[PDB]
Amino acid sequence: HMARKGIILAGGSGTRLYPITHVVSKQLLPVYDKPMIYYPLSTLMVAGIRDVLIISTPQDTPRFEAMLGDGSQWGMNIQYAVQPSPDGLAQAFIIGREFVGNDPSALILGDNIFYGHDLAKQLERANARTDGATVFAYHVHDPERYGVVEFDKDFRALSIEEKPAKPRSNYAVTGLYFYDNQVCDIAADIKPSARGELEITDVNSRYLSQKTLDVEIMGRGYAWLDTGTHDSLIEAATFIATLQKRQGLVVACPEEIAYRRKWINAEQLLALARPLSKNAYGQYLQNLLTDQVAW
């Protein structure tokens, strides 16, 4: 009976991308054909998480709620909470403490895109763990802006350093973390860092010192994209666009995932699609009931 509680952290001071983020939050902006936040929401749904808390800024949380609602249209439970100030990833587990309660949980960042073959099998393995924590390591060209994993010769994780001056490897900790029921108390016990933030690296290092942290390599066959620059936002959009145009399939379509997980039935999906029948996205939903696709 594993009902993991998912958190999407979708706040952030939001100034690197000025002026496109001046009055619209980054995680509501389009990545090709759908808002950014559809992708990490979909990642949680593909992991099996059906209870999702969306955290954003005081000003933008009504905007996320106007877009996703309570999630019942997708047979899910989506709730909202605000982060007054962007004081660190680990504050998600203080703001989301009541939502998490006594259950296992997962945190994903609202601007992180995960894509690749067998991603579901890897997320389901992380979701099924009853103890400890699971994070993922991914080779990037700029590891120094992330938590960086030091690996021994067999890729067992030895340490995690947040934004090291000399990174021990190129493997960054991705923005997706699975935890057991210790994390809320761990997050409440840690102190702000020199840069003034409650550090997810400190949470992860606590599990590491207990020898209960699983650090899974996300291989180069996966795309783990964040979108920190105007250029990389375009690059994520064209990357998504090339795949969808080639396949005739949509990445991170929550209606599709909900239907495939039996969270909604064929009548409900048709009901979502009928008012969207005049656009391409509604046509894809309509065609899910006829097009044989391996899932």
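Throughout, we count residues from 1 along the sequence that is shown.
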Test of understanding: from the entry's C-alpha B-factors, which stretch has the higher mean, 104-112 or 204-212?
204-212
Selected stretch [higher average CA B-factor]: 184-192 or 137-145
184-192
Which is it among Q91, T174, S169, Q122: the one with the largest CA B-factor in the entry?
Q91
Return the residue from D231, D60, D33, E255 that has the highest Cα B-factor in the entry.
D60
On the chain's distribution of Cα B-factors, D51 falls within the third called middle
C-alpha B factor of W263, ranked within the chain: lowest, middle or highest third?
highest
Ranking every modelled residue in this chain by its Cα temperature factor as given in the entry, which third contains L249?
middle
Ranked by Cα temperature factor within the chain, is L29 in the lowest third, the middle third or the highest third?
lowest
Of the three thirds of the chain ranked by Cα temperature factor, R220 occupies the lowest
